[PDB]
Amino acid sequence: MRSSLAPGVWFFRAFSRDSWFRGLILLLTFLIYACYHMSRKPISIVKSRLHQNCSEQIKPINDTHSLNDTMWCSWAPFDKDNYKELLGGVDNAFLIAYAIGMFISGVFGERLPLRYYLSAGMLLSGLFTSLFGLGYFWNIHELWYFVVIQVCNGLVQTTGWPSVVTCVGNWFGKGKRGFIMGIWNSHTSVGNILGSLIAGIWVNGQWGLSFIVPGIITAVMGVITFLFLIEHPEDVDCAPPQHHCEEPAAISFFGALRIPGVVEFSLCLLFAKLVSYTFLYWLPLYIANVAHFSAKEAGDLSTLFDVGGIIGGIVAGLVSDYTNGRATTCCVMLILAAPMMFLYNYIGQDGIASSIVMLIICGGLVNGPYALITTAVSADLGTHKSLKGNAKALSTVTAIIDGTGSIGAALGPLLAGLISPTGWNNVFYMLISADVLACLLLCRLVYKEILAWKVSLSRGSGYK
Amino acid sequence: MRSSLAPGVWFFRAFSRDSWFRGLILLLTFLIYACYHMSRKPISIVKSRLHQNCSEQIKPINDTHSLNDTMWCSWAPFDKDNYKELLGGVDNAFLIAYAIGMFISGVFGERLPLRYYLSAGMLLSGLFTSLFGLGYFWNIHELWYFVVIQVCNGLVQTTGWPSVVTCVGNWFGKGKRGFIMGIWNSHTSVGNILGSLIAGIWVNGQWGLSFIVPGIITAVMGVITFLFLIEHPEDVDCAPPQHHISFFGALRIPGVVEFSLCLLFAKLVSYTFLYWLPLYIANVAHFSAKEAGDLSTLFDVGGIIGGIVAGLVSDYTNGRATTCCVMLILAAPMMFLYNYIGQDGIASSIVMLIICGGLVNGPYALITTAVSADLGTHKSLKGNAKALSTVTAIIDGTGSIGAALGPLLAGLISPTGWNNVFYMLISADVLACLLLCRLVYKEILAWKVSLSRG
Ligand SMILES: O=P(O)(O)OC[C@H]1O[C@H](O)[C@H](O)[C@@H](O)[C@@H]1O
């Protein structure tokens, strides 16, 4: 029988004091690194507007260039015949500046406080996109300026990820980490969707706003995370977590490599991100050549892949918990990838009905072990049981496991440009050549993990 | 030590639990009653739609018969020459059953608990109002349908105000004043200022969705109240507040009969501007249909400024009637000057209209506290709960007859001329100033002691 207390208040009463702060931090870390991606996005949207052919527009007065030169509807010095070399030389001066910047940000992230460092690593990321956006509103036509901004936009956005998993690893414990980090990784897709939808508004007109509006949203979130961030549970009298008297000093970069898993899970992720990039480079150069249906959907099937990543994580969390093996799940999910690329290649003769049901499963099998390794394996191998509690190593291990995975994407457009003139099918065999290297590199850790299972189950569970 | 607390956490960890539980209710009651006011506004903003002149109108294919219609751009029981009289048989047919409803709910308002009676009053007042717009899609042309939906909408929507002041009056004292209450009383103006913007979108087009959208938002705020509202602080156990027939036949004491005929005028002034101003701007101003409705929202920022300034001044000057008499005696020179020009660009329809809104809706929210401040001090003391509630019921029951003579009277004075309405709104404003001399004569004697000791 219903009585005097309201249903919403009776539901919200039953949660304890800790389970509201530990849900607050799981919301703020969801907002911050989702506001990073809509800053990273818009140059992959305005890349078809800095050059286009001038054969379908109005002809107001400019009858000088023999009525057609394709030189006036193209804005920048990306105007002449090499609009694919110099325009492609911006996403190398961002990725080199971002994959070098991670191994120094992981060293800086230890010593300085994580509220005066995530704030000054988000205002500068709102400034160095807005200075790029102001190149249209000013009289700017060069080459070195547009790349010297996009280098300094790459040393700044590396303050996001190690500080975020340091702020999350300080609260949660040994328990449901995989199933909660897998649900929590939805920000990498929410940021992509809201970074395409904002920058798609002002792309067919004046293109300065697509870099200024995310550059203001990021700087506003930079002061909200200034005013409401609680890094430690000790400050608000909560309970310290359960990673199974005063502040530990530090750790140096030479000492963090002696943790036994930090090299294999580093080096596998370079190949996992390379697979997940070269597949997305292979898919537009497939459906527009063979299986000619849905030529306009190539800009859509690239993101319906990415949704398959999210369910690729959560299902790869529920298996990682109740087996207590993280290397023995990430290896199997990449064994199952190679019998699904070939079956999609075989089944693409049919239409959309196969090209969704295979694409979702492929996204579940190759963005799974990226998502599980980049946030849950990279936090318990940070606070390993070999540190004896007197070493603060969580913003430095994440830098290694992420700064390998960014080098893994910096070599993406290079190897996808130095084999792609040799046919167009030959880029696909590199994916199968890389999945075998992804699988066979975790062998030592799977060899350790299986003999731990053989003690507790095949013997008969003696002295548990 | 090294990293201190955040400035938004160090600030929020200074407020007591009592302050958060008495802030939650001052937010929830605001968002309840603001959603009651926007169920009432779009019958005022759509009267500029039910009768268009078909002479000045684009005629593509809309001829069902030529030379004998002249009415195709009009709705059917509001198309004749009496379209300004039949709107007063609808808008008064609402405001009658809102008065007879509140005269009864002030007696039989205890047989159900507060939240089960408030959330069954935002759920049937969101149904009987979206039927008024759903009559468009079922396109019935009958005067009989636009009345029973309007007389039953008033009998439900009387469950708003008797069941908010006993939800606040338990938590934040048993009748309090101050600056936080001066902002809480702005809900009756915000519920009109956003009842015009939302319901003005679908006017030039299909006017069914000018009703069904607020009828959905009220019915959804009939669920958040059903799940989150707390009646008494005996349940969550916070700190209790600051503990501080024909009954004599229209009392011969110098209160009731010389005061009751003041709310009857000071509500008749403001409901004419609530139900006939977006037809004033639409008719004899710049000839819009939606912009004329949108310039009606600058009448309801005067209704905020005149609330805030009156609540600020009347506390620090030891008198509440002397901020009502002066602000009623000055609206009458200004409304006449507003009708004098009214058309010379959007310069004098912007700045004159706000200050005409600050001089008539400011003292709309104070002269009901003046009688409760003065008429607790009588030979019938505050211990007589059987009569101190009864005389306030008499005053507020005359106040609800003050609604039903505004839009009824405007709808009859309007077809005989349109300049005449701003003369009835002068003959009703100065008489509001005249019948507060009972309070002013006490106020002068109250200041005489401070002048003698000073
Ligand atoms: O019935 P409404 O027009 O919404 O008025 C609601 C309330 O507004 C103000 O607070 C008045 O001072 C009250 O007397 C009135 O009851």
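Residues numbered from 1 in each chain as written, not as in the entry; some residues may be left out. Chains lettered and ligands numbered in written order. Heavy atoms only, no water. Residues with missing side-chain atoms left out of burial classes, pairs and counts.

The deposited coordinates for this entry were obtained by cryo-EM, with a reported resolution of 3.6 Å.

Per the PDB entry, chain B goes by Glucose-6-phosphate exchanger SLC37A2 and derives from Homo sapiens. What UniProt records for chain B under Catalytic activity is the sentence "D-glucose 6-phosphate(in) + phosphate(out) = D-glucose 6-phosphate(out) + phosphate(in)". (UniProt positions renumbered as here; feature names shortened; annotations may be inferred.)

Per the PDB entry, chain A carries the name Glucose-6-phosphate exchanger SLC37A2 and comes from Homo sapiens. Its UniProt record, at the heading Function, says of chain A: "Inorganic phosphate and glucose-6-phosphate antiporter. May transport cytoplasmic glucose-6-phosphate into the lumen of the endoplasmic reticulum and translocate inorganic phosphate into the opposite direction. Independent of a lumenal glucose-6-phosphatase. May not play a role in homeostatic regulation of blood glucose levels."

Caption draft 1: Molecular detail of the overall build of chain B. Assigned secondary structure in chain B consists of 25 helices and zero strands. Since a compact globule built from 454 residues should have a radius of gyration of about 22 Å, the 24 Å found for chain B is in line with a globular shape. For chain B, the spread of C-alpha atoms along the principal axes amounts to about 80 × 60 × 55 Å. (Helix = DSSP H or I, 4+ residues; strand = E, 2+ residues; numbered from the N terminus. Rg over C-alpha atoms; globule rule 2.2 N^0.38 Å.)

Caption draft 2: Representation of the pattern of salt bridges. Residues and elements named next belong to chain B. Considering all chains together, one arrives at nine salt bridges over all chains under this definition. Here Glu 231 and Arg 115 are joined by a salt bridge, their closest N and O atoms 3.7 Å apart. Taken together, the residues span a long stretch of sequence, with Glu 231 in the loop between α12 (209-228) and α13 (256-266) and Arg 115 in helix α5 (residues 114-118) at a distance of 116 residues. By the burial criterion, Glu 231 is buried, and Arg 115 matches it. In this structure, the salt-bridge partner of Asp 294 is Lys 290, at a minimum N-O distance of 3.7 Å. With a relative accessible area of 38%, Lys 290 lands in the partly exposed category. (Salt bridge = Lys/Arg side-chain N within 4 Å of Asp/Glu carboxyl O. Buried < 20%, exposed > 50% of the residue type's maximum accessible area, 1.4 Å probe, protein only.)

Caption draft 3: The nonpolar core, seen in detail. Within the largest apolar cluster, 52 residues are counted, with the highest numbers of intra-cluster contacts made by A:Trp171, A:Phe265 and A:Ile373. Of the domains in this structure, domain 1 (21-47 + 82-233) and domain 2 (252-456) of chain A are the two that each give at least three residues to this core. Beyond its immediate chain neighbours, meaning those up to four positions away, A:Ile373 contacts A:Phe265, A:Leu269, A:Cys330, A:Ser378 and A:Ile401. Core analysis: the next-biggest nonpolar cluster, separate from the first, contains 26 residues, B:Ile25, B:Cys35, B:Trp184 and B:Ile230 among them. (Core = buried A, V, L, I, M, F, W, Y, C linked by side-chain atoms within 4.5 Å. Domains from an automatic or database assignment. Contact = heavy atoms within 4.5 Å.)

Caption draft 4: Region of interest: the state of the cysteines. Counted according to the given criterion, the structure contains two disulfides over all chains. Two residues share a disulfide in this structure: A:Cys54 and A:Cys73, whose sulfurs sit 2.0 Å from each other. Between A:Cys54 and A:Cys73, the disulfide has an S-S torsion of -115° and is therefore left-handed. In this pair, A:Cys54 sits in the loop between α2 (18-40) and α3 (95-100) while A:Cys73 sits in the loop between α2 and α3, placing the two residues 19 residues apart along the sequence. Its relative accessible area of 7% is what places A:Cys54 among the buried residues. On the basis of relative accessibility, which here comes to 13%, the residue A:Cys73 falls in the buried class. The disulfide that involves B:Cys54 links it to B:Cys73, with 2.0 Å between the sulfurs. (Disulfide = S-S within 2.5 Å.)

Caption draft 5: Representation of the site of the ligand in the model. All names here are of chain B. Taken together, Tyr 33, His 37, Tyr 98, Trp 161, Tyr 271, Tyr 364, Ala 365 and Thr 368 make up the full set of residues adjacent to the ligand. In the environment of the ligand, an oxygen atom lies 2.8 Å from a nitrogen or oxygen atom belonging to the side chain of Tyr 271. Relative to its unbound accessible area of 390 Å², the ligand is 88% covered by the protein chains. Three or more residues apiece are contributed to the shell around the ligand by two domains, here domain 1 (16-50 + 83-234) and domain 2 (252-454). (Near = heavy atom within 4 Å. Polar contact = N/O pair within 3.5 Å; in protein donor to acceptor, adjacent residues only side chain to side chain. Areas by Shrake-Rupley, 256 points an atom, 1.4 Å probe, with all protein chains shown as cover.)

Caption draft 6: Expanded view of the packing of helix α16 (residues 338-347) of chain A against helix α17 (residues 352-366) of chain A. Residue and element names in this part refer to chain A. Direction vectors running N to C along α16 and α17 enclose 165°, while the axes themselves pass 10 Å from each other. In terms of their interaxial angle, α16 and α17 are classed as roughly antiparallel. The crossing of α16 and α17 is left-handed. Contacts between α16 and α17 involve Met 340, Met 341, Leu 343, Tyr 344 and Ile 347 on the former and, on the latter, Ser 354, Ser 355, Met 358, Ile 361, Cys 362, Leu 365 and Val 366. Grouping the constituent residues of the contact of α16 with α17 by class yields 10 nonpolar, two polar and no charged. (Axes fitted to C-alpha atoms, helices over the stretch in contact; angles between N-to-C directions. Parallel < 35°, antiparallel > 145°, perpendicular 65-115°, else oblique. Left-handed = near helix turned anticlockwise from the far one by under 90°. Nonpolar A, V, L, I, M, F, W, Y, C, P; charged D, E, K, R; others polar.)

Caption draft 7: Just the packing of aromatic side chains, in detail. The final tally for this structure, using the stated rule, is 48 aromatic pairs over all chains. Taking 5.9 Å as the distance between ring centres and 50° as the angle between the ring planes, the aromatic pair formed by A:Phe12 and B:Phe228 counts as tilted. Placement of A:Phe12 in helix α1 (residues 7-13) and of B:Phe228 in helix α12 is noted, with the two residues assigned to different chains. On the basis of relative accessibility, which here comes to 28%, the residue B:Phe228 falls in the partly exposed class. An angle of 70° between the planes, with centres 4.9 Å apart, marks the rings of B:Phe132 and B:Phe211 as edge-to-face. Of this pair, B:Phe132 sits in helix α6 (residues 130-137) while B:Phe211 sits in helix α12, and the two are 79 residues apart along the sequence. Among the residues examined, B:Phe211 registers a relative accessible area of 3% and is labelled buried. Within the aromatic cluster, the residues linked to one another by ring pairs are B:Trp75, B:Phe132, B:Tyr136, B:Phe137, B:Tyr145, B:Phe146, B:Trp207 and B:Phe211. Its end group placed over the ring of A:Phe226, A:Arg115 keeps NZ or CZ at 5.3 Å from the ring centre. Positioned over the ring face of A:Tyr370 is A:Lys273, at 5.7 Å from the centre of the ring. (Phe/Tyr/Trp six-rings, centres within 6.5 Å; stacked < 30°, edge-to-face > 60°. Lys NZ or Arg CZ within 6 Å of the ring centre and 35° of its normal.)

Caption draft 8: Structural context of the domain arrangement of chain A. Residues and elements named next belong to chain A. Domain boundaries assigned for chain A yield domain 1 (21-47 + 82-233) and domain 2 (252-456). Distance from the C-alpha centre of domain 1 to the C-alpha centre of domain 2: 22 Å. Each partner contributes residues to the interface: domain 1 has 29 residues there, and domain 2 has 34 residues. In this assembly, domain 1 packs against domain 2 so that about 2600 Å² is buried in total across both faces, 61% of it on carbon and sulfur atoms. Put simply, domain 1 and domain 2 have zero salt bridges between them. Our count for the domain 1 to domain 2 interface comes out at six residue pairs in polar contact. When residues of the side of domain 1 that touches domain 2 are traced back to their parent elements, those giving at least two are α3, α4 (102-111), α7 (161-169), α8 (178-184) and α9 (187-199). Tallied by class, residues from the side of domain 1 that touches domain 2 come to 14 nonpolar, 11 polar and four charged. (Buried area = accessible area lost by both parts, 1.4 Å probe.)

Caption draft 9: Expanded view of the side chain of B:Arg115. Owing to a relative accessible area of 2%, B:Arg115 belongs among the buried residues under this scheme. When neighbours within four sequence positions are excluded, B:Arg115 is seen to be in contact with A:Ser3, A:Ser4, A:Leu5, A:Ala6, B:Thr225, B:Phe226, B:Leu229 and B:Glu231.

Caption draft 10: Spatial organisation of helix α19 (residues 397-410) of chain A. Helix length check: α19(A), at 14 residues, gives a terminal C-alpha distance of 20 Å against a target of 20 Å (1.5 Å per residue), a fit within 8%. Counting buried residues in α19(A) gives 13 out of 14 residues, a clear majority hidden from the surface. (Expected span 1.5 Å × (residues − 1).)

Caption draft 11: Region of the structure containing a nonpolar patch on the surface. Together, A:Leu123, A:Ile216, A:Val220, A:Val223, A:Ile224, A:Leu227, A:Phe228, B:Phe11, B:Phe12, B:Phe15 and B:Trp20 make up an exposed nonpolar region whose accessible area comes to about 990 Å². Per-element tally for the nonpolar patch: the top contributor is helix α10 (residues 209-227) of chain A, with five residues. Note that A:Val223 resides in helix α10. The exposure class of A:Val223 is partly exposed, given its relative accessible area of 40%. (Patch = residues over 30% accessible without salt bridge, like charges linked within 9 Å, V, L, I, M, F, W, Y side chains within 5 Å.)

Caption draft 12: Up close: the interface of chain A and chain B. Counting residues at the interface gives 22 residues for chain A, matched by 20 residues for chain B. Contact with chain B buries surface across chain A, with A:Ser4, A:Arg115 and A:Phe228 losing the most and accounting together for 22% of the total. Where chain A meets chain B, there are zero salt bridges. Applying the counting criterion to the chain A and chain B interface returns three residue pairs in polar contact. Taken together, the elements giving at least two residues each to the side of chain A that touches chain B come down to α1 and α10 of chain A.

Caption draft 13: Seen up close, the domain arrangement of chain B. All names here are of chain B. Examined at the domain level, chain B breaks down into domain 1 (16-50 + 83-234) and domain 2 (252-454). Between the C-alpha centres of domain 1 and domain 2 there is a distance of 22 Å. Listed by partner, the interface residues are 32 residues for domain 1 and 34 residues for domain 2. Both faces combined, the contact of domain 1 with domain 2 buries some 2900 Å², and carbon together with sulfur accounts for 60% of it. A per-residue breakdown of the area domain 1 buries against domain 2 is headed by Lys 84, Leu 95 and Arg 177, which together make up 20% of the total. There are zero salt bridges connecting domain 1 and domain 2.

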